[PDB]
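[1] need a structure here:
(one chain, ligands or ions: 2)
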Amino acid sequence: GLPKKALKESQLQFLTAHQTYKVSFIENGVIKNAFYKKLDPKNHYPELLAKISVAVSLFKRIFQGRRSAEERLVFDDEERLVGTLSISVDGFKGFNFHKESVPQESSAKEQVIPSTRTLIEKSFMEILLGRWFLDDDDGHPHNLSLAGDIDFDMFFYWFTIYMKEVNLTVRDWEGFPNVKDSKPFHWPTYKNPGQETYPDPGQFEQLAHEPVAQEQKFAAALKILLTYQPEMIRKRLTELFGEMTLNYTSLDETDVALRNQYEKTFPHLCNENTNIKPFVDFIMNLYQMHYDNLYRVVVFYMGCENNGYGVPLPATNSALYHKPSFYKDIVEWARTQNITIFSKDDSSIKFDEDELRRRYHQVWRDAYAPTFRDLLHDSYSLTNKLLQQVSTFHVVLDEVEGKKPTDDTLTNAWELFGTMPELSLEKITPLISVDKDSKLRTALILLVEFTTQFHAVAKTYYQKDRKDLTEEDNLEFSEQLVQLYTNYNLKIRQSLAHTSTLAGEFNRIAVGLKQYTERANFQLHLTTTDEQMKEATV
Ligand SMILES: Nc1ncnc2c1ncn2[C@@H]1O[C@H](COP(=O)(O)OP(=O)(O)O)[C@@H](O)[C@H]1O
Ligand SMILES: [Mg+2]
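    Numbers count the residues shown, from 1 in each chain. Ligands and ions are numbered 1, 2, ... in the order given. Structure data below:
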């Protein structure tokens, strides 16, 4: 029939008597006020645009909670879509236009036109990041509030712009909220809409300068990454859509030329074959694009000395290690939301703490992939210089580089690691000359065994996927690197003692190996406190 969490226009008590009406209705034995929008296929907001706006409302509520209005699908009495709903956000006072009045109580206009310091007290960075995460184009004052956001009819700008009139880059993650590569039309930092109108836009521009605002931005990005439990989000979306198919053919009701625009511009997403498949599978496959994109930017971020606006940003491997409270807060916020807005929901669509832990374990592991690729690449490069000085034919081995951190085809972290296909003890022993042992001949054989074992241990631990990622796997990884360091660190740097730049090059590889063999210990990281980690570095 019609979805479980869908309503019917006949079930709505209008409080008045786009086409926005004020509405109330009954839910779980209590009334819930809301705002009603009616489908207008001939004035934008078609069926599949309205159908995407309700999925966005759910996606956002998973990591924002009550700060993102939940939307519903409303049908007529004959099971035909007619509009969408948007349950009122408790404590929504919206933002002012420069043409509207300026309240005379300073405590009431700090809610309508907020001061940059009051935005940090009310955690508005979490909201602005969510809009940027899903490429929102309508970040104009009335769609934003000091306690949440409500309007989603202009989300997924890269795929939805055609019914009105993804590339999240590291450069935007650095100087956020001053987005510039990702170009919205309305944004709080903008002074003039279309810059790449708020009465005081500079109040939002300063959030990129304040360091406390950047910590809230990181805590927001980590919430988006860790709350993502797809196994439930698929179940919860079917509560709002059921077996509804994608059905992009409904664009014919608006104009057949638009359907032709979509099947020609996006052939891999909305075609004859996908048009009959569930709308859930379509937008989930569409959401994972944004997730993998935000995952590449944040989890692999390696730091910055100065944003374009004043604050230095740490590498996420250091931010997670130095501040273990980030994860401890997401776990507390999850249990809170489990007994808050999910109290009446079933156990099978609640935050699973165990799954949330493995997710953080992944983000922990993958957040270190760069500094372990770097050590393996530095360890590779030094094995070549030794193979040049010891081999008869001055053999230099080629290194297949791994995919860059911003390549849009990158999903898991193990693809960041380069490989040396011919680096094997069985393949290098015959290449050595019995005429060039300055102790460099014994160093090559050692540094080959070292780099092989190193890469082998990284592989076994980085190929474990999230569903098979045991906290013991991180112990195995750490217990071997510490065994690797203790077995080769002395013998190798004793065999390079007589060299100059060649020895110092292995000093940095060993020093880094020791440091990040301990910083990466996950079981030990979960027992730390922000203050314990602030005094352990001095
Ligand atoms: N859940 C909600 N809570 C509070 N106000 C809302 C909600 N949904 C809509 N509104 C009101 O409706 C207006 C936005 O309606 P909508 O049609 O969704 O966006 P737009 O009008 O920009 O297309 C805002 O001015 C807002 O005050
Ligand atoms: Mg709108």
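[2] hey, let's count contacts and neighbours off CA atoms from now on
    Fine.
[3] show me where this protein has its strands.
    Using DSSP state E, the strands of the chain run over residues 7-8, 13-14, 20-27, 30-38, 73-75, 81-87.
[4] can you tell me how far the closest residue to residue 114 other than its chain neighbours sits from residue 265?
    Residue nearest to residue 114 in three dimensions, not counting chain neighbours: residue 203, with 7.6 Å by C-alpha to C-alpha, 6 or more residues apart in numbering. Distance, residue 203 to residue 265, by C-alpha to C-alpha, to the nearest Å: 39 Å.
[5] was I right to think the residue nearest to residue 114 contacts residue 113?
    No - using C-alpha atoms under 8 Å, residue 203 is not in contact with residue 113, being 9.2 Å away.
[6] these two - which one has more neighbours?
    With neighbours defined as other C-alpha atoms under 10 Å, residue 203 and residue 113 compare such that residue 113 has more, 26 against 18.
[7] what does stretch 379-396 rub up against?
    If you take C-alpha atoms under 8 Å, 6 or more residues apart in numbering as the criterion, stretch 379-396 is touched by 397, 399, 420, 431-433, 436-437, 440-441, 443-444, 447-448, 451, 502, 505-506, 509.
[8] those residues in helices, which ones?
    440-441, 443-444, 447-448, 451, 502, 505-506, 509 (DSSP state H).
[9] interface residues of the chain facing ligand 1?
    By the criterion of C-alpha under 6 Å from any ligand atom, the positions of the chain lying close to ligand 1 are 18, 20, 34-35, 69, 86-89, 92, 142-143, 150-151.
[10] please repeat the previous calculation with a cut-off of 8 Å.
    18-20, 34-37, 69-71, 85-90, 92-94, 138, 142-143, 149-153 (C-alpha under 8 Å from any ligand atom).
[11] of the strands of the chain, which stretch is the most buried?
    Highest mean neighbour count among these (mean count of other C-alpha atoms under 10 Å): strand 73-75, with a mean of 24.
[12] how far does that strand sit from its chain's centre?
    Here strand 73-75 shows a centroid-to-chain-centroid distance of 31 Å under the convention C-alpha atoms, centre = their mean, to the nearest Å.
[13] helices or strands up against it?
    Applying 3 or more C-alpha pairs under 8 Å, 6 or more residues apart in numbering; DSSP states H and E, one finds that strand 73-75 contacts strand 7-8, strand 81-87.
[14] let's see it at 10 Å
    In terms of contacts (3 or more C-alpha pairs under 10 Å, 6 or more residues apart in numbering; DSSP states H and E), strand 73-75 is packed against strand 7-8, strand 30-38, helix 47-64, strand 81-87.
[15] would JSON lines of these with distance to residue 529 be doable?
    Output for the helices and strands packed on strand 73-75, formatted as JSON lines (distance: least, C-alpha to C-alpha, whole Å):
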{"stretch": "strand 7-8", "distance to residue 529": "47"}
{"stretch": "strand 30-38", "distance to residue 529": "41"}
{"stretch": "helix 47-64", "distance to residue 529": "24"}
{"stretch": "strand 81-87", "distance to residue 529": "39"}
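[16] which one of the ones you listed lies closest to residue 169?
    Relative to residue 169, the nearest member of those by C-alpha to C-alpha is helix 47-64, separated by 20.3 Å.
[17] roughly how far apart are the residue in the stretch 401-538 of the chain positioned nearest to ligand 1 and residue 289?
    Closest residue of the stretch 401-538 of the chain to ligand 1, C-alpha to the nearest ligand atom: residue 408 (31.7 Å). Distance from residue 408 to residue 289, counting by C-alpha to C-alpha: 9 Å.
[18] more neighbours: which of those two?
    In this view residue 408 and residue 289 are compared by other C-alpha under 10 Å, and residue 289 has more residues nearby, 18 against 14.
[19] from ligand 1, how far out is the closest residue to residue 397 other than its chain neighbours?
    Leaving aside its sequence neighbours, residue 397 sits nearest to residue 384 (C-alpha to C-alpha, 6+ apart; 6.2 Å). Separation of residue 384 from ligand 1 (C-alpha to the nearest ligand atom, to the nearest Å) stands at 61 Å.
[20] do residue 129 as well
    According to C-alpha to the nearest ligand atom, residue 129 and ligand 1 sit 19 Å apart.
[21] what about that residue, neighbour count?
    For residue 129, using other C-alpha under 10 Å, the count is 21.
[22] repeat for residue 107
    10.
[23] check the one 10 residues further on too.
    Using other C-alpha under 10 Å, the number of residues around residue 117 comes to 15.
[24] was I right to think it contacts residue 202?
    No - Residue 117 is not in contact with residue 202 according to C-alpha atoms under 10 Å; the separation is 11.9 Å.
[25] phi, psi of the residue of the chain found nearest ligand 1?
    Closest contact between the chain and ligand 1, by C-alpha to the nearest ligand atom, is at residue 88 (3.5 Å). The phi/psi pair for residue 88 (degrees, to the nearest 10) reads phi -60, psi 140.
[26] next one: the one 4 residues further on
    Backbone geometry at residue 92, expressed as degrees, to the nearest 10, gives phi -100, psi 120.
[27] contacting residues for it?
    Residues in contact with residue 92 (C-alpha atoms under 10 Å, 6 or more residues apart in numbering) are 67, 111-112, 144-150.
[28] contacting residues around the most centrally placed residue in the chain?
    The geometric centre of the chain, computed from its C-alpha atoms, lies nearest to residue 294 (C-alpha atoms, centre = their mean), at 3.5 Å. If a contact means C-alpha under 10 Å, 6+ apart, then residue 294 has 133-134, 167-170, 173, 221-222, 224-225, 288, 300 as its contacts.
[29] please repeat the previous calculation with a cut-off of 8 Å.
    Contacts of residue 294 (C-alpha under 8 Å, 6+ apart): 133, 168.
[30] from here on, count from 655
    With 655 as the first residue, the last one maps to residue 948.
[31] and the gap between it and residue 877?
    When distance is defined by C-alpha to C-alpha, residue 948 is 12 Å away from residue 877.
[32] residue 1051: neighbour count?
    Neighbours of residue 1051 using other C-alpha under 10 Å come to 17.
[33] ugh, wrong one, residue 997
    Neighbours of residue 997 (other C-alpha under 10 Å): 12.
[34] distance from the chain centre to the longest helix along the chain, please.
    In the chain, assigned by DSSP H, the helix with the most residues is helix 1125-1149. Distance of helix 1125-1149 from its chain centroid, counting by C-alpha atoms, centre = their mean, is 32 Å.
[35] for it, enumerate the helices and strands it packs against.
    Packing contacts for helix 1125-1149, counted by 3+ C-alpha pairs under 8 Å, 6+ apart, involve helix 1094-1116, helix 1155-1172, helix 1176-1179.
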